[PDB]
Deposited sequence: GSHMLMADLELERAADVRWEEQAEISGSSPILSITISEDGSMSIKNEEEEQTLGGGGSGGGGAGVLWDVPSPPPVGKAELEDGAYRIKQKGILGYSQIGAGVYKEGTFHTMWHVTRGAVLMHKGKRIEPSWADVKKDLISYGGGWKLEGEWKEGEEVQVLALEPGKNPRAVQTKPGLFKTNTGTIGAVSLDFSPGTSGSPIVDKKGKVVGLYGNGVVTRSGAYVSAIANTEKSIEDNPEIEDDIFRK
């Protein structure tokens, strides 16, 4: 049994002086940490909204999450979409405009949370036109929330569906 814990990194908010383009319980952004003999290790990042924890399927892999003294049990998951919901249905219905710049609240392992302002790449798909945000963060930065100018979570780092 892998020991997976949640650690709050910061508040989820859009930052006006973020940093732009390239060159890279309650609510908030949490890191996903696994207990190891070697030491603690961050394999993912998660978003906590309306009492529901959202992360990537591959970070959690369906494993139970420990937060404080209380355990966390997954309600819903979608392996093809790489999304896992803990304690409630998916609460993140926020959509990208497809025409505006976004901020990724990156939570790289061992590194302070930072907001970076970038414009997602756009490419066609059979389902719909999808925005792609691709950066050189460590793997353990997967599940880092992506927000619009409104400060709503438009996607999780790892993919950003465009619906205008």
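Visitor: Could you sort out which parts of the deposited sequence are absent from the coordinates (no C-alpha) and give them as ranges from 1?
Guide: Deposited residues absent from the model fall in 1 to 5, 30 to 79, 214 to 226, 233 to 247.
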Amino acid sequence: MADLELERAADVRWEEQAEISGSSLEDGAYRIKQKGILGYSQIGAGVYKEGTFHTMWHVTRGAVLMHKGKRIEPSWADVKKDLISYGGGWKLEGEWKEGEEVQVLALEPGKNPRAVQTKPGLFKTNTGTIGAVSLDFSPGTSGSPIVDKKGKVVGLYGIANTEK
From here on, numbers count along this sequence of modelled residues.
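Rigid core here is just the name for the largest C-alpha set that superposes within 1.5 Å across the two forms.
Visitor: After fitting on the rigid core, which stretch moves more in 4 other deposited structures of this protein, 52 to 60 or 35 to 43, going by C-alpha RMS?
Guide: Relative to the shown form, the greater RMS C-alpha distance in 4 other deposited structures of this protein belongs to 35 to 43.
Visitor: Could you tell me which of the two stretches, 109 to 117 or 91 to 99, has its Cα atoms lying farther from the shown structure in 4 other deposited structures of this protein after fitting on the rigid core?
Guide: If we average over structures and residues in 4 other deposited structures of this protein, the farther stretch is 91 to 99.
Visitor: Quick one: say whether 34 to 42 or 56 to 64 has the higher mean Cα B-factor in the deposited entry.
Guide: Looking at the record's C-alpha B-factors, the answer is 34 to 42.
Visitor: Looking only at CA atoms, which has the higher mean B factor in the entry: 97 to 105 or 65 to 73?
Guide: Averaged over C-alpha atoms, the B-factors run higher in 65 to 73.
Visitor: Lowest, middle or highest third of the chain for the C-alpha temperature factor of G155?
Guide: CA B-factor rank for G155: lowest third.
Visitor: Once the chain's modelled residues are ordered by C-alpha B factor and cut into thirds, is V47 in the lowest, middle or highest one?
Guide: Answer is lowest: the recorded C-alpha B-factor places it there.
Visitor: What third of its chain, lowest, middle or highest, does the C-alpha temperature factor of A9 fall into?
Guide: CA B-factor rank for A9: middle third.
Visitor: Based on the entry's values, in what third of the chain does the Cα temperature factor of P145 lie: lowest, middle or highest?
Guide: Ranked within chain, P145 CA B lands in the lowest tercile.
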